[PDB]
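Excluded from the calculations below are hydrogen atoms, water molecules and symmetry mates; all remaining heavy atoms, backbone and side chain alike, are included. Residue numbers run from 1 in the order of the sequence given.
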Amino acid sequence: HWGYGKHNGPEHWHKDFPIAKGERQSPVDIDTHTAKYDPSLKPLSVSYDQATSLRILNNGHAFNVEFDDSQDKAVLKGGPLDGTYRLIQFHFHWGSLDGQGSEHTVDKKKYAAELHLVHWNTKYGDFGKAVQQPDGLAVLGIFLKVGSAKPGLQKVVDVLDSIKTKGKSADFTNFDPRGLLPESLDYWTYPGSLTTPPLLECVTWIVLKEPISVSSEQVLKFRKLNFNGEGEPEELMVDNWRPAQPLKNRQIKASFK
Ligand SMILES: NS(=O)(=O)c1ccc(CCNC(=S)Nc2ccc(-c3c4ccc(=O)cc-4oc4cc(O)ccc34)c(C(=O)O)c2)cc1
Ligand SMILES: [Zn+2]
């Protein structure tokens with residue numbers, strides 16, 4: 001099916017997922033000079049103290065650290081959000097080289113990778129119902145640059161060898177996502193979509209301005225993963241990012257002056 005290769009990559013997705021050419025697609029380039037500070041934005045609240053991680057899975061597109069979202073444990077509120085959004089999973093998008101990998105870009109700058117913490121609006125009951133709503137999801141995006149190692153990320157890095165191929169999963173309990181956040185919560189926000197098929201336009205994007213630093217060694221291990229399943233020709237899981245899409249009259253708002 002769809003992927004990131006030359007024959008099934010982003011430029012081909014529209015054939016099976018027409019919304020790919022929609023009016024609210026993600027990611028987008030964030031032109032910092034055009035983004036406007038929005039006084040109406042309420043304080044952003046990231047409450048991950050009771051987060052319950054459960055498993056890590058290689059789904060053939062990236063790897064997901066899944067959480068128990070049967071209760072209001074890890075939640076995201078405030079900012080441009082109305083109500084409570086529950087953390088369900090987080091994953092990354094990265095490149096084959098340090099100069100690329102992020103999905104959103106800042107003044108056209110591409111980061112080495114991008115972390116996506118996915119949350120769904122609790123007023124819709126479940127994730128399935130949420131992806132049928134214009135405000136069903138909220139994804140917190142964090143940029144990764146290559147520099148000093150990120151202590152909180154190492155546990156994720158060290159388990160990757162156990163889920164090298166598509167379909168493989170491993171227990172991943174007691175992981176604290178707070179160790180992946182930068183110091184500042186300054187952010188840019190705009191209405192968008194999922195960046196991979198089905199590309200549904202149900203996401204309120206909140207992209208943090210401050211990137212986190214990860215070591216070359218850490219990202220190199222991300223690049224050892226496989227898109228393929230076990231026993232198949234090895235296709236390194238790299239460059240699993242979608243390029244910037246047309247803004248289409250949308251406005252990106254800044255939480256800071
Ligand atoms: N990069 S990004 O933008 O951050 C991003 C990209 C992709 C995705 C996820 C893409 N895949 C989707 S959407 N998967 C999906 C959607 C709905 C359901 C779903 C479906 C679907 C059809 C239906 O008829 C009833 C469903 O009921 C459901 C009840 C639930 O409690 C949770 C999910 C769920 C399920 C599933 O079955 O696990 C998976 C997340 C973030
Ligand atoms: Zn993503």
Whether the side chain of [X] engages the backbone of [Y] through a donor-acceptor N/O pair (distance < 3.5 Å, no angle test) should be reported.
X: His104; Y: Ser102; result: no
X: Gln245; Y: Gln25; result: no
X: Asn64; Y: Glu66; result: no
X: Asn8; Y: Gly5; result: yes
X: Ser215; Y: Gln218; result: yes
X: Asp107; Y: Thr32; result: yes
X: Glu103; Y: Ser26; result: no
X: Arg24; Y: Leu247; result: no

Check for me, please, whether [X] and [Y] land in the same ILVMFWY cluster - side-chain distances under 4.5 Å, paths through other members count.
X: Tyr85; Y: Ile88; answer: no
X: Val118; Y: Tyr124; answer: no
X: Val139; Y: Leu81; answer: no
X: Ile56; Y: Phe227; answer: yes
X: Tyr190; Y: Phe143; answer: yes

Point to revise | Quiz item: cation-pi between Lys73 and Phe67, 6.0 Å / 45° | key: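 So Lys73 doesn't make the cation-pi contact.
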Please check if atom [atom1] in [X] has more than 12 non-hydrogen atoms from other residues, nucleotides or ligands closer than 6.0 Å.
X: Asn249; atom1: CG; value: no
X: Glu11; atom1: CD; value: no
X: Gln132; atom1: CD; value: yes
X: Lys155; atom1: NZ; value: no
X: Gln251; atom1: CD; value: no

Point to revise | Centroid-centroid under 6.0 Å between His7 and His12 rings | key: no
**Study point:** Within the 6.0 Å centroid threshold, strictly below: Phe172 and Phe63
**Key:** no
Sub-4.5 Å side-chain heavy-atom contact between [X] and [Y]:
X: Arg86; Y: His119; answer: no
X: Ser193; Y: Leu200; answer: no
X: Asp158; Y: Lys221; answer: yes
X: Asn121; Y: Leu137; answer: no
X: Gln89; Y: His91; answer: yes
X: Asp186; Y: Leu208; answer: no
X: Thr195; Y: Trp205; answer: yes
X: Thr189; Y: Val207; answer: no

Looking at every non-hydrogen atom in both residues, tell me the closest pair between [X] and [Y] and how far apart they are.
X: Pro211; Y: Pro182; result: O-CB, 4.3 Å
X: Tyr187; Y: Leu185; result: CD2-O, 3.2 Å
X: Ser53; Y: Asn174; result: OG-N, 3.2 Å
X: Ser255; Y: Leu41; result: CA-CD1, 3.8 Å
X: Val159; Y: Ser162; result: O-OG, 2.6 Å
X: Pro27; Y: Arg242; result: CG-O, 3.2 Å

Review point. Just by distance, with hydrogens left out, do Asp38 and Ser40 show a side-chain donor and acceptor under 3.5 Å apart?
Key: yes
Exercise for review: Would you sort out whether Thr105 and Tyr111 count as a side-chain contact (heavy atoms from CB on, under 4.5 Å), showing the intermediate values?
Suggested key: CA-CA 7 Å; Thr105 54; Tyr111 286 87; over 6 Å; no
Report the distance from atom [atom1] of [X] to atom [atom2] of [Y], rounding to the nearest 0.5 Å.
X: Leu115; Y: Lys150; atom1: CG; atom2: NZ; value: 10.0 Å
X: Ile19; Y: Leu199; atom1: CD1; atom2: CG; value: 7.5 Å
X: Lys168; Y: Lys164; atom1: NZ; atom2: NZ; value: 10.5 Å
X: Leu153; Y: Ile212; atom1: CG; atom2: CD1; value: 6.5 Å
X: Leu87; Y: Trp120; atom1: CG; atom2: CH2; value: 11.5 Å
X: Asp29; Y: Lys110; atom1: CG; atom2: NZ; value: 9.0 Å

Check your understanding: After noting the C-alpha distance and the side-chain angles of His116 and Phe90, does the key distance pass the side-chain contact (heavy atoms from CB on, under 4.5 Å) rule?
Key -> CA-CA 5 Å; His116 287 161; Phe90 73 69; over 6 Å; no
Practice item. Indicate yes or no: does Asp68 engage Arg55 in a salt bridge with an N to O separation below 4.0 Å. Key: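 Between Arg55 and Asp68 there is no salt bridge, as every charged N stays at least 4.0 Å from the carboxylate O atoms.
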Exercise for review: Would you mind checking if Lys77 and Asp72 are paired as a salt bridge, meaning a charged N to carboxylate O distance below 4.0 Å?
Suggested key: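 No, this pair does not count.
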Exercise for review: Could you go through the side-chain contact (heavy atoms from CB on, under 4.5 Å) check for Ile206 and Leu44 one step at a time?
Suggested key: CA-CA 10 Å; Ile206 299 173; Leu44 183 63; 4.1 Å; yes
**Study point:** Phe222 vs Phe92, ring-ring contact (aromatic ring centres under 6.0 Å, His included): CA-CA, chis, key distance, verdict
**Key:** CA-CA 9 Å; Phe222 271 36; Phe92 304 78; 5.0 Å; yes
Practice item. Might you work through the ring-ring contact (aromatic ring centres under 6.0 Å, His included) test for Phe17 and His1, ending with a clear yes or no? Key: CA-CA 11 Å; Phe17 305 97; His1 204 312; 5.5 Å; yes
Could you pull out every donor-acceptor pair under 3.5 Å between side chains of residues 231-240 and any protein atom, sequence neighbours left out?
unit_1	atom_1	unit_2	atom_2	d
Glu232	OE1	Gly229	N	2.7
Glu234	OE2	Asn226	ND2	3.1
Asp239	OD1	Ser96	N	3.0
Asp239	OD1	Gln100	NE2	2.7
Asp239	OD1	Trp241	NE1	3.1
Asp239	OD2	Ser96	OG	2.8
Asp239	OD2	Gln100	NE2	3.4
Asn240	OD1	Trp94	N	2.8
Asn240	ND2	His61	O	2.9

Practice item. Walk me through it: do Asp135 and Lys123 pass the test salt bridge (charged side-chain N to carboxylate O under 4.0 Å, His left out)? Key: CA-CA 10 Å; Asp135 59 353; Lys123 75 181 183 180; 3.8 Å; yes
Exercise for review: Let me see the working for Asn228 and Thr165 under side-chain contact (heavy atoms from CB on, under 4.5 Å), right down to the final yes or no.
Suggested key: CA-CA 6 Å; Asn228 57 285; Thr165 54; 4.2 Å; yes
